[PDB]
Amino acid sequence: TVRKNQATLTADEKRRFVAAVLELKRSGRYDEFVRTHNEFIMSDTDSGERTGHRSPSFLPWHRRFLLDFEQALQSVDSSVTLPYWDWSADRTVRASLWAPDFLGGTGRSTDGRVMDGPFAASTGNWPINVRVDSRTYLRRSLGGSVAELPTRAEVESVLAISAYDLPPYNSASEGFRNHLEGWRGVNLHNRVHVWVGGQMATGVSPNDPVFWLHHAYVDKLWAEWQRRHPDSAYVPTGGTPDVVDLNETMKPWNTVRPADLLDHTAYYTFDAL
């Protein structure tokens, strides 16, 4: 139950994480996480119902979505937990993250195809099935569409925002959640998806295993924010159309509320917080 910085994993831990992810792909379970996510990407809108993104529930929805995925990994290998990618620190293509023993590198310039690591199409082990772009190979263009990941000073500016979220509780909001998500301000989470490129820049972004490591670090930033602001908590707290209030349940699970997900320690701890 401890989530570790990707940069600190041992060779054995890297091996076991890759093997568990590849087994979930082989069995057909992985692709249904990709499909769930795309359905919510395409339905969450600023003027209508919004649950997984562009809304206060972006953070608890991804916390539970990651917990679903980690649980599925642990059904293959109980030793595995999701590692996190601190992109403010590991900000170049020569991060061991992108080594052939972990996620593989950037895509070639012709067609963006990833050519090394365990998820390269050439292995036969990572077909892209849930897709919109018709190609069936994993693609990336690290640093192609935006030339820099967020920096720690940028992260710090966002962590300093005391209000969790503000009306109208969407992509136009001020406050912490939308600055972390990235639709306003210096842009943390959205920019990272743009920086990786390939399927990570699309609605089928969980096609790239780095999705999980990116969201595990966004999830850690929510935990850090909570520590910086013990007097701040999830909002809204009741009666808000189209938005998940603190004590309302969330789709797709229907049985869990943001309130049940604010304290990550019920589920996991970080190597350091």
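Don't overthink the numbering: it's just position in the shown sequence, from 1.
- Taking only CA atoms, the mean B-factor in the PDB entry is higher for 43 to 51 than for the other of 212 to 220 and 43 to 51.
- As listed in the deposited structure, the average C-alpha B-factor of 117 to 125 and of 153 to 161 is greater for 153 to 161.
- Across the options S171, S109, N190, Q71, the residue with the most elevated CA B-factor in the record is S109.
- Each of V34, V243, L246, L66 has a CA temperature factor in the record; the biggest one is found at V243.
- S75: CA B factor in the highest third of modelled residues in this chain (values from the PDB entry).
- The entry lists a Cα temperature factor for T1 that places it in the highest third of the chain's modelled residues.
- Sorting the modelled residues of the chain by their CA temperature factor places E23 in the lowest third.
- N207: CA B factor lies in the lowest third for its chain, per the PDB record.
- In this PDB entry, the Cα temperature factor of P230 sits in the top third of its chain's modelled residues, the highest group.
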